[PDB]
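Peer 1: Quick one: the structure is below, questions incoming.
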Amino acid sequence: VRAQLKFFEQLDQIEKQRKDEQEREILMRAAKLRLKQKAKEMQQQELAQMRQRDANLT
Amino acid sequence: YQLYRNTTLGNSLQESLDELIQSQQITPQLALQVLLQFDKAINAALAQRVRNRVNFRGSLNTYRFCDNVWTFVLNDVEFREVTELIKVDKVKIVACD
Amino acid sequence: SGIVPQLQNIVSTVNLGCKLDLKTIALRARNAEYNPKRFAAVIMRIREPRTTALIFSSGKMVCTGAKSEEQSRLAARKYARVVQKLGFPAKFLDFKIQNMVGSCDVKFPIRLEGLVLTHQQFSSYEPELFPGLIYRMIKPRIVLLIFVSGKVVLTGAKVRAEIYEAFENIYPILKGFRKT
């Protein structure tokens with residue numbers, strides 16, 4: 001029951017991973033109003049680079 | 001930042017968590033959550049509470065800058081906090097942006 | 001004249017002959033700076049002779065701050081030894097001095113405006129932008145900074161003889177343009 005609920009949570013986690021992959025696919029199709037979207041993508045890339053530098057530091 | 005994990009408070013907390021892991025009373029994931037909450041709490045406490053000023057003077061032995069992190073090693077240093085001198089033979093400084 | 005230009009800066013290059021991992025050099029060696037998002041090199045400094053090197057991943061290296069050729073070669077040899085001790089098979093190939101800067105004093109004030117008016121094909125002088133006159137000498141190809149106080153700066157040489165020849169060339173013109 002809670003094992004079935006945990007299998008349901010694993011199915012919902014697969015659906016949430018598919019939803020996050022669909023969001024990333026929409027972001028990649030945006031990478032594939034225009035200036036503002038490009039600036040937001042550049043800011044996200046800079047934040048990812050800063051996170052990678054912090055992770056390499058630790 | 002996990003930066004203050006290597007302090008007296010932070011390493012004492014890590015040693016207590018490692019003891020509780022060794023006796024199987026907690027999981028390592030739980031200790032990781034405690035370390036994350038400690039990081040948030042020590043960042044908030046250093047940001048809001050303390051408002052005092054220190055100066056220091058000494059001789060630089062070595063420096064390093066990598067992954068946007070400075071790492072210094074100073075010798076024969078005098079840290080000045082208002083009500084008095086603090087002398088130290090060698091000190092290591094780790095600084096994140 | 002009895003004025004000898006004293007060397008103040010020498011910039012040289014050398015090839016270590018091997019590809020270099022700059023992150024390993026930045027993490028393991030002392031007195032190093034590395035910020036690839038801003039500048040793609042390891043910036044290393046040593047105290048004897050007090051010099052600064054720029055180390056690239058390809059293996060070519062630039063040494064600055066030395067005041068003589070032997071100090072520059074010794075400094076570059078020491079940086080090559082630092083790179084060598086970290087596990088890399090560094091060599092010492094094609095060392096060459098690329099730039100020389102010296103300075104001296106003629107001990108009199110100089111009419112800079114008359115100098116730029118009479119030497120318009122060699123000089124340029126804009127007081128509001130930079131208070132000194134820039135003189136591009138052709139033989140030898142040396143760029144000089146001539147100031148109103150009398151301090152003279154010489155840059156661009158490949159050998160010491162070009163600095164000495166450039167100051168011996170420019171000294172009688174400066175005597176002809178003294179302030180009295």
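Heads up, residue numbers simply count up from 1 along the chain you see.
Any Cβ shown, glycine's included, is placed from N, Cα and C.
Below are the features listed in Swiss-Prot for this protein:
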type    : residues                          : note
BINDING : C:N9, C:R45, C:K60, C:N99, C:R136 : DNA binding site
REPEAT  : C:7-83                            : repeat '1'
REPEAT  : C:97-174                          : repeat '2'
Peer 1: Please state how far apart, in Å and to a whole number, the two most distant Cα atoms are among C:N9, C:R45, C:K60, C:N99, C:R136, the recorded DNA-binding residues.
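Peer 2: Those residues reach a largest Cα separation of 32 Å.
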Peer 1: What is the total of other Cβ atoms whose distance to the Cβ of C:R136 (DNA binding site) is within 10 Å?
Peer 2: 14
Peer 1: Just jot down the residues in the same chain as C:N99 (DNA binding site), at least 6 apart in sequence, with C-beta under 8 A of its C-beta; none if empty.
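Peer 2: Spatial neighbours, sequence-distant, of C:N99 (DNA binding site): C:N9, C:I10, C:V11, C:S12, C:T155, C:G156, C:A157.
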Peer 1: Are there any residues at least 6 positions away along the chain from C:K60 (DNA binding site) with a Cβ closer than 8 Å to its Cβ? List them or say none.
Peer 2: C:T13, C:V14, C:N15, C:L16
Peer 1: According to DSSP, does C:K60 (DNA binding site) fall in a helix, a strand, or coil?
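Peer 2: Once the DSSP labels are grouped into three classes, C:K60 (DNA binding site) ends up as strand.
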Peer 1: Once near-sequence residues are set aside, which residues in the chain of C:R45 (DNA binding site), 6 or more away, have Cβ atoms under 8 Å from its Cβ?
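Peer 2: Expected: C:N31, C:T51, C:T52, C:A53.
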Peer 1: What's the number of neighbouring CB atoms sitting within 10 A of the CB on C:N9 (DNA binding site)?
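Peer 2: That number is 15.
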